Each structure stands twice: as C-alpha cells, then as structure tokens.
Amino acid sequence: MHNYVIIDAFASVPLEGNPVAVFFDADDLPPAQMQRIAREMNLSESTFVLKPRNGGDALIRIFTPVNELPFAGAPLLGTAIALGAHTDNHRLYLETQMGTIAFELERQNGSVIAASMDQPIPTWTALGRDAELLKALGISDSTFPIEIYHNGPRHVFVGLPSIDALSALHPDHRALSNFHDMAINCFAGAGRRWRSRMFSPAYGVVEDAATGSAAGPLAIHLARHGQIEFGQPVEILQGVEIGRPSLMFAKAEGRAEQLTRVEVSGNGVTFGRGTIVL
C-alpha cells in the first residue's frame, strides 16, 4: 500500500491553485507502475518520493497521465510542501532529472504552508510565428516581444495592454494546437502585480491554474523588457477565469546574460489524504 496526499500548489485555500498528488515511500514501484498510477489519478501530475541517489533529501519523479517530466514547477512545490510534513529541516533538496532543486520551507506550528525553489535557468528566443499566434488568440499585436522560453517545458509570452483585455481573450484552441511542445502564456499588469492565463493543447491543458514553470521565465521577460528590474519580485495571479486562482511569486537575479538565480515561491495547502491498495 502507499499513502498519498493531494496538495493544491500556489494556494492557501483548498480548491484554489493547482492540484498535485504526492505518493510517499515509492521505492517499491517500478516506473511503469508509477505511470499507471498517474493515469489512474488523472491529475495534471502525480509525484513519487524515492530515496536519494546523489546526496539530496529525496529523489522525485514527476508524471503526467501519459509521460514522465524532467521538471515541473507546481508539482515540485506541492511535493516539497507535502514532504515537509515529514521532516523538521528548513531547506529540502529534491533530486530530479534536471539535477537537485533547492527548496526553502516555511512553517507555522510545524505545518509547511509555503516554499521557495531555485528553478533551472531558462533560455529563450523570438517565437517567429507572431501573426499565426496572434490570429489564434484573437488579437492584433502583443505589447512586448513574443518570446519562447525553455526550462524543460517551453513557454511563450504574449502581452496584453490591460487585465480586462486579458480576461476578454477567447482563443481558438484548435488554431493553438499547431503550436507543439509549448504553452501560451498571456499576461498583463504593472509594477509588482501581474495577471496570467495559460493555454496549451500540446501539454493537454485547455486553461491552466498555475503554470509554475512559467513564473520564472515571466520575471525574466518583464526584467529584460524594462517593466521590473532584475532582483525585484513580482506577484503573478493566474487561473482566475477558471476559478482556480493561483498566486506565484517570482524573481530573476543577475542580468539577462548572466542570471544567477530564478526564484519561484508560493503557498500550498492539503486538499486530501489517502491510501492506495498497491
């Protein structure tokens, strides 16, 4: 048998944020079994907590219902939060396919309520499919350059001139299906406070609750394009239009050419707990 929890990542209230199922003591499950269990659960990801192999605290494997992922932001945040229920340590070092990701855990009376991670440092380039993408979204132009970032998954960012315009978007999901192995992240805001909507037929999501792996890239994008500085944090509110509001905090330190840290943090809360029969 295995124990699991369901953590709503990037939320402090259940039924908000982005759910992840976290399976404990998973060393007796072969990867094919892990994939089957992820399919059974049908959450956007399931994670599996394994003994470390390279000096970290645990090795985490991440599965969608149909494949294994090298990196994912919300699922790793939720795993850190879930695991921090079983450790007293302040920092947690989670081994993944992209290497060991360092988390800082934040508690109140022994319960982990939030965590902060150092993400992989992304790369980026111009999408070079602007007219096609804008058509698909139903708008004429972006504010800022349409660039695609890679940190495992790929995210494209399209800027809107107000939060109302972002909310008004009604993309052609069929036309967005021609954009393979990426997610389309639309954003609007000012100063410290930004809003985001993410759509990805490629990653099997109509509209996402919290795209944790896009938060870091978005901070970089906003700093490069002069809306914030390198080293300044932003608050990114996502998921409002699907009723899964999700709050991601991000900061990109250094400069574009030499980034030293990409920090993303958020709250998490337990939605449920249970046990499976295998």
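Heads up: residue numbers just count along the shown sequence, starting at 1.
- Stretches 25 to 33 and 213 to 221 differ in mean CA B factor, with 25 to 33 having the higher one.
- For the two regions 174 to 182 and 103 to 111, the entry's Cα B-factors average higher over 174 to 182.
- Highest CA B-factor among the listed residues (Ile148, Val158, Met98, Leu77): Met98.
- Among all modelled residues in this chain, the alpha-carbon of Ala188 has a temperature factor (C-alpha) in the lowest third.
- Annotation for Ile276: CA B-factor lies in the middle third of the chain's modelled residues.
- Sorting the modelled residues of the chain by their CA temperature factor places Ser142 in the lowest third.
- The PDB entry assigns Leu15 a C-alpha temperature factor belonging to the middle third of its chain's modelled residues.
- Among the modelled residues of its chain, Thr47 has a C-alpha B-factor that falls in the lowest third according to the deposited record.
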